[PDB]
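Report on one structure; see the data block that follows.
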Amino acid sequence: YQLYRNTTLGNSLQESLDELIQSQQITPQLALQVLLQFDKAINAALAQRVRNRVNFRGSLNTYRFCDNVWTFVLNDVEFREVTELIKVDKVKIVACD
Amino acid sequence: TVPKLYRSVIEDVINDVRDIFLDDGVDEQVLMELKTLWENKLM
Amino acid sequence: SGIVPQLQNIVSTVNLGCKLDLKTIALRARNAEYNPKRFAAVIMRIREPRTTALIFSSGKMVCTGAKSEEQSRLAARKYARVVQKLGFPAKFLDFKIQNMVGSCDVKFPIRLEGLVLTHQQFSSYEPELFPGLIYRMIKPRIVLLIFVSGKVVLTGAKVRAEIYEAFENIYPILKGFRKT
Amino acid sequence: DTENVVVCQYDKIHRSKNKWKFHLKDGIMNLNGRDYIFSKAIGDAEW
């Protein structure tokens, strides 16, 4: 899943790659190959490494489901992780199966 | 436990693309620039 | 009875009159679900009136959940306006209420087994399967779900009068089986 | 500053009337500018 590319981790990577592409230090193909390596690496690290639980509550503003992908938008949300509170006015959630 | 995962992933990715850079004829210095650009953007 | 059946659900249909590109609608409209592999229609909801629509690529649509004829037509008009705004030349042809559901309480227990034994040609009652007795009224053509609690559901109506008429018909029959 | 986003995979999404419950996993979140991660996330929302 090329799911985790638009994350801090994934975007910083793409931006770094584009520069190198811009200054002609690497080809687009090589950049693509790096992203592919990133997908395998982030996916693998998540399932095997991280292992904590989170909880959230809020009001659902919108939902969409197409191509087996859910896209939500919650308002006034409260993300709960043992060590307490994370409050946000708006959060967008994209989820693959 | 998050900066740790990121270091972990950056290391793995950098290590895993080294040969590709080499096979492409890209100087290993460029690889290190990537890691640097990448790590600093995180900050 | 000073007992009045309350409308709980209405299903209506309407023809927008033009073929619809469902993928486009599912991707651009809010609160939409589209999974062609499981169901061929887009499922869209709105909050006022709070209802769910089923939109088919043919341009025909089903509107559900409204509690009044006017709410049903309004809701359908909104769904049609959403589709309209996404760029399709939607019309609003042959709107029509297809089914109406009502419910009420006679305020007293009922001898179901007794009712089904004497009304074998209109009802069926299998407690282990479903706790409610199913009564298929002929006039009007309405199906009622009767519970021992005294709660009653009426469905199958095309118009509000059939709901009221069916309950007026069943009330004296039910009094005949009150629990004392 | 931040576009609060959560990118993950879903186990089960559930709804009753206007009550939704989300059963999520393997997610990377960026809330208020900070970055978070979870193996599992459970949420509730009214529509």
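Throughout, chain C uses Swiss-Prot numbering, with the displayed residues spanning 159-338 in order.
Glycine residues also receive a Cβ, built from the backbone N, Cα and C atoms like all the rest.
Per Swiss-Prot, the features are as follows:
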type    : residues                                         : note
REPEAT  : C:165-241                                        : repeat '1'
BINDING : C:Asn167, C:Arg203, C:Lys218, C:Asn257, C:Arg294 : DNA binding site
REPEAT  : C:255-332                                        : repeat '2'
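Positions of Swiss-Prot features highlighted on the structure.
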| residue | record | Cβ within 10 Å |
| --- | --- | --- |
| C:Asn167 | DNA binding site | 16 |
| C:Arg203 | DNA binding site | 20 |
| C:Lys218 | DNA binding site | 17 |
| C:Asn257 | DNA binding site | 14 |
| C:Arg294 | DNA binding site | 14 |
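The DSSP breakdown of the repeat '1' (C:165-241) into helical (H, G, I), extended (E, B) and coil residues amounts to 22 helix, 35 strand, 20 coil. For the repeat '2' (C:255-332), the number of residues in each DSSP class (helix H, G, I; strand E, B; coil) is 22 helix, 29 strand, 27 coil.
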